[PDB]
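> Structure in structure tokens, see below.
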Amino acid sequence: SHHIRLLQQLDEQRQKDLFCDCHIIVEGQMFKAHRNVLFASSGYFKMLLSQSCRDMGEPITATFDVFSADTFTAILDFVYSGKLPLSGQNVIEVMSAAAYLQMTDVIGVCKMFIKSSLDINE
Amino acid sequence: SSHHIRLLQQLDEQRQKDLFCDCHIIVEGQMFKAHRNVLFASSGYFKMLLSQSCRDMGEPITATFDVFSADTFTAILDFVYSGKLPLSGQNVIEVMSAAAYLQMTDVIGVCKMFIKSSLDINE
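Residue numbers (our numbering), protein chains in the order written: chain A, 1 to 122; chain B, 1 to 123.
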């Protein structure tokens, strides 16, 4: 019970630019978040922010041109909530984006949604 | 529930290795490193102390305390990063006083429950 309350509070902080030391530019749209949470939830951020993990200065700004801004929004909301909105339109882009970010848990849910659908060759 | 537990088990490991620790807390000499964004979400006192310097990404903020013991603050800080508080007759008073000073309503309720599980009469 205590764990859920803490994460519901962290999501409110990043949506108000509270202690946000990590900006993420995906197709122009900016995403503010906490650098200590991405390190714990993504292998990519665990490696990018590893070097500058004790340099308390200007906020670290990551950039991405491999996925869309809307695709990254669903994943970023999952990081601060644990709920991923999947559908036939986004299941592919979310899977590609999750692998780039090195999040094994998201990849598994995408494969389960793929198993619940049919895709054949033309 | 699994994602929440894993994240908190990861955050507790970070503060014990000085990873992204921008908040130092000096309680009776012993220093405690932690994340201010988690203390802001779990304590009303820190929600007010860090309110002014909430967007000033600079040197780490250093708080001081002389109202409770270092061991009392250690048990509470371990509760923040785990959600499990070990209460007993020896520490229920110090934890309750420290929890109120830190403005954590949840900790006070568990202390009051342990008080109901104990006996206190006059001398």
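We put the CB at the ideal spot given by N, CA and C, even for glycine.
(1) Using a C-beta cutoff of 9 Å, does residue 39(A) count as contacting chain B?
(2) Against residue 130(A), what residues of chain B qualify as contacts under a CB-to-CB distance less than 8 Å, listed in chain order?
(3) Name the residue from 60(B), 39(B), 47(B) and 8(B) whose alpha carbon lies nearest to the alpha carbon of residue 53(A).
(4) Going by beta-carbon coordinates alone, are residue 93(B) and residue 64(B) separated by less than 9 Å?
(5) Taking a Cβ distance cut-off of 7 Å, strictly less, list which residues of the region 63-87 of chain A are near chain B, in chain order.
(6) Taking its Cβ as the centre, do 16 or more other Cβ atoms sit within 10 Å of residue 105(B), making it buried, or is it exposed?
(7) May I ask you to report which of helix, strand or coil DSSP gives residue 47(A)?
(8) Per DSSP, residue 31(B) forms a beta bridge with which residues?
(9) Taking CB distances under 9 Å as the criterion, tell me whether residue 122(B) reaches chain A.
(10) Can you confirm whether residue 16(B), when its beta carbon is compared against all beta carbons of chain A, has any partner nearer than 9 Å?
(11) List the DSSP bridge partners of residue 60(A).
(12) Assuming residue 33(A) contacts residue 67(A) under a Cβ cut-off of 8 Å, what Cβ separation, rounded to an integer in Å, is found between them?
(13) Could you work out which residues of chain B lie near residue 102(A), taking near to mean beta carbons separated by less than 9 Å?
(14) May I have the straight-line CA-CA distance separating residue 48(B) from residue 83(B), to the nearest angstrom?
(15) Out of curiosity, what's the CA-to-CA distance linking residue 95(A) and residue 56(A)?
(16) Among the residues of its own chain, which have a CB less than 8 Å from the CB of residue 61(A), if the five just before and after it don't count?
(17) Rounded to a whole number of angstroms, what is the C-alpha to C-alpha distance between residue 108(A) and residue 43(B)?
(18) Grouping DSSP H, G and I as helix and E and B as strand, with all else coil, what is residue 54(B)?
(19) Under the rule that 16 or more other beta-carbon atoms within 10 Å means buried, what is residue 71(A), buried or exposed?
(20) Relative to the alpha-carbon of residue 13(A), which residue among 15(B), 50(B) and 32(B) has its alpha-carbon at the smallest distance?
(21) The alpha helix (DSSP H) with residue 12(B) in it runs from where to where?
So, from the listed chains and residues:
(1) Position 39 of the first sequence holds residue 39(A). Yes, residue 39(A) lies at the interface with chain B (some Cβ there is under 9 Å from its Cβ).
(2) Residue 130(A) lies beyond the range of chain A shown here (1 to 122); nothing can be said about it.
(3) In the first sequence, the residue the question calls residue 53(A) occupies position 53. Ranking 60(B), 39(B), 47(B) and 8(B) by Cα distance to residue 53(A) puts 60(B) first.
(4) The sequence position of residue 93(B) within the second sequence is 93, counting from 1. The sequence position of residue 64(B) within the second sequence is 64, counting from 1. No. Outside cutoff.
(5) Hits within the stretch, in order: 82.
(6) Along the second sequence, one-based indexing puts residue 105(B) at 105. Classification of residue 105(B): exposed, given that the 10 Å Cβ count is below 16.
(7) Looking up residue 47(A) in the first sequence gives position 47. Residue 47(A) falls in the helix class under three-state DSSP.
(8) Against the second sequence, residue 31(B) aligns to sequence position 31. For residue 31(B), the beta-bridge partners assigned by DSSP are 26(B).
(9) Along the second sequence, one-based indexing puts residue 122(B) at 122. Not one chain A Cβ lies under 9 Å of residue 122(B).
(10) By 1-based counting over the second sequence, the position of residue 16(B) is 16. No, residue 16(B) does not count as interfacial toward chain A.
(11) For the purposes of this step, residue 60(A) is identified with residue 60 of the first sequence, where counting begins at 1. 22(A), per the DSSP bridge assignment.
(12) Along the first sequence, read from residue 1 onward, the residue named residue 33(A) stands at position 33. Along the first sequence, read from residue 1 onward, the residue named residue 67(A) stands at position 67. Taking 8 Å as the upper bound for CB-CB distance, residue 33(A) and residue 67(A) are not in contact here, some 16 Å apart.
(13) Looking up residue 102(A) in the first sequence gives position 102. Ordered by position in chain B, no residue passes the 9 Å Cβ test against residue 102(A), which lies about 14 Å from the chain.
(14) Working through the second sequence from its first residue, we reach residue 48(B) at position 48. Working through the second sequence from its first residue, we reach residue 83(B) at position 83. If I take the Cα positions, the gap works out to 22 Å.
(15) Looking up residue 95(A) in the first sequence gives position 95. Looking up residue 56(A) in the first sequence gives position 56. Linking residue 95(A) to residue 56(A) through their CA atoms gives a straight-line distance of about 33 Å.
(16) On the first sequence, residue 61(A) is found 61 positions in, with the first residue counted as 1. Same-chain partners within the cutoff: 22, 23, 24 and 25.
(17) The residue given as residue 108(A) occupies position 108 in the first sequence. The residue given as residue 43(B) occupies position 43 in the second sequence. Their Cα atoms are separated by approximately 35 Å.
(18) Start at 1 with the first residue of the second sequence, and residue 54(B) comes out as number 54. Here residue 54(B) carries a coil assignment [DSSP, helix/strand/coil].
(19) As a working note, residue 71(A) is residue 71 in the first sequence. So residue 71(A) counts as buried.
(20) The sequence position of residue 13(A) within the first sequence is 13, counting from 1. Looking at 15(B), 50(B) and 32(B), the one whose alpha-carbon comes closest to that of residue 13(A) is 50(B).
(21) Taking the first residue of the second sequence as 1, we reach residue 12(B) at position 12. Per DSSP, residue 12(B) is one residue of the alpha helix (DSSP H) stretching across 2-15.
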